[PDB]
Ligand SMILES: Cc1ncsc1-c1ccc([C@H](C)NC(=O)[C@@H]2C[C@@H](O)CN2C(=O)[C@@H](NC(=O)CN2CCN(c3cc(-c4ccccc4O)nnc3N)CC2)C(C)(C)C)cc1
């Protein structure tokens, strides 16, 4: 049973899928393979709340109905660097111009 | 295998290659030569397309791969009016 | 006459038109001369038992926008042999529209056609907006496909 | 341009005929379907050349509203005409022929139920 995720840190954004069942740890293993940083240097969030390596994505609240391919759920990323416990920072996306009158 | 797509405003988007190849425009940017002694690319720079759009373009790639050849009922791909015009532009450019 | 028409079989067929799409669906019967006739629309989620005949040819569209839809993961439906009463099932779904055609739908839905050319977009996309989904255009395509598939 | 029937009478006619149109058999199938609307002369010329007084349920429903029928038996006559017409064109044993027969039943049983209750 799959969930669709945007994993986001600063001006990085990773588009991937995982099982509802699969664990926050196992997700960090996918992130290792992409960015090259071990799980013990990561820290994943759902919003501002930090996640637990043991818990399933399903338990953290990532579900079929709230992490759909066309509307993926956002996983926050922060990188430890020895004692550098960096803060969660997500550089927002650009804004669209105001809706032309002909579309109102 | 993952590729990196980069928006006009410098945002990085790390997606699966197969997903990105959905775009003919990208398919032709990746399949040609480059990288000293390599016959395919792993990094693309967009000059026109901003982050809020290219995000959506990836969301689509995800959707397209998931729901092509699926006997599961398909959900509607949503577009907010505000983003519509730019996204149309982008798609037209990207051939997808 | 044409390559896409219903056969006047006269052999009944019980069908379930099931609208699994979020669109209000227009069933379109292709008559014995291959012309499309519209039939009562199915609201989203709704399904209906309907009486048709062996060899009779159907497609399904958004009643409002004439956007194309799928039926058993293909464009045309013809009911097979009923076997022992039990009905044949027509599962109407959305297709995976190209992002472009998807965007087109959305813009067309928000803008009056008299204003397409007042949007800040490439001149080519004015035409693309104006080229509305049409069954007649499609039938040509589907024919010239079967015709090209009869080499 | 026609004197209205008593409101109750028209209501009876509708109940009876809806009872028919709506009736489905054991298997889930609505029998009235094929008979609701005649084919066009272009569509099926054979029918119009052979059947003297064609009629469909659409017409009957319209004749009730328009008050052509003045009694339940005027209505019955026209349903029996339908089913007879069916029976004259489709020939015995056919899924259509027998449906017309069930619908004759359904109709009389509906009449007795609404026009004596
Ligand atoms: C409700 C709904 N919602 C979504 S679609 C839908 C809906 C779907 C289907 C239909 C309706 C239910 N279905 C259709 O329209 C189907 C769908 C499409 O495949 C074409 N089609 C036909 O029915 C076409 N019939 C034939 O080709 C063969 N016909 C030979 C003549 N035959 C006879 C009739 C009468 C007789 C009739 C009235 C009164 C006294 C009569 O004696 N008697 N004898 C006959 N042999 C009837 C069958 C037709 C050319 C158009 C006629 C109606 C609604």
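Count begins at 1; order follows the chain as displayed.
Determined via X-ray crystallography, 3.3 Å.
Including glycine, each Cβ sits where the backbone N, Cα and C put it.
If you look up Swiss-Prot, you'll see D:67, D:84 marked as Zn(2+) binding site, on the strength of experimental evidence. For residue D:67 (Zn(2+) binding site), the number of other Cβ atoms no farther than 10 Å from its own Cβ, over all displayed protein chains, is 14.
According to Swiss-Prot, the feature phosphoserine maps to D:3, an assignment based on a large-scale study or a structure entry. A coil conformation is recorded for residue D:3 (phosphoserine) in the three-state DSSP classification, outside any helix or strand.
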All-chain count of other Cβ atoms within 10 Å of residue D:3 (phosphoserine):
6
Between residue D:67 (Zn(2+) binding site) and residue D:3 (phosphoserine), what is the CA-CA distance rounded to a whole number of Å?
8
In angstrom units, rounded to an integer, how far apart are the Cα atoms of residue D:3 (phosphoserine) and residue D:84 (Zn(2+) binding site)?
30
Other CB atoms, at most 10 A from the CB of residue D:84 (Zn(2+) binding site)
15
In three-state DSSP terms, the structure that residue D:84 (Zn(2+) binding site) belongs to
helix
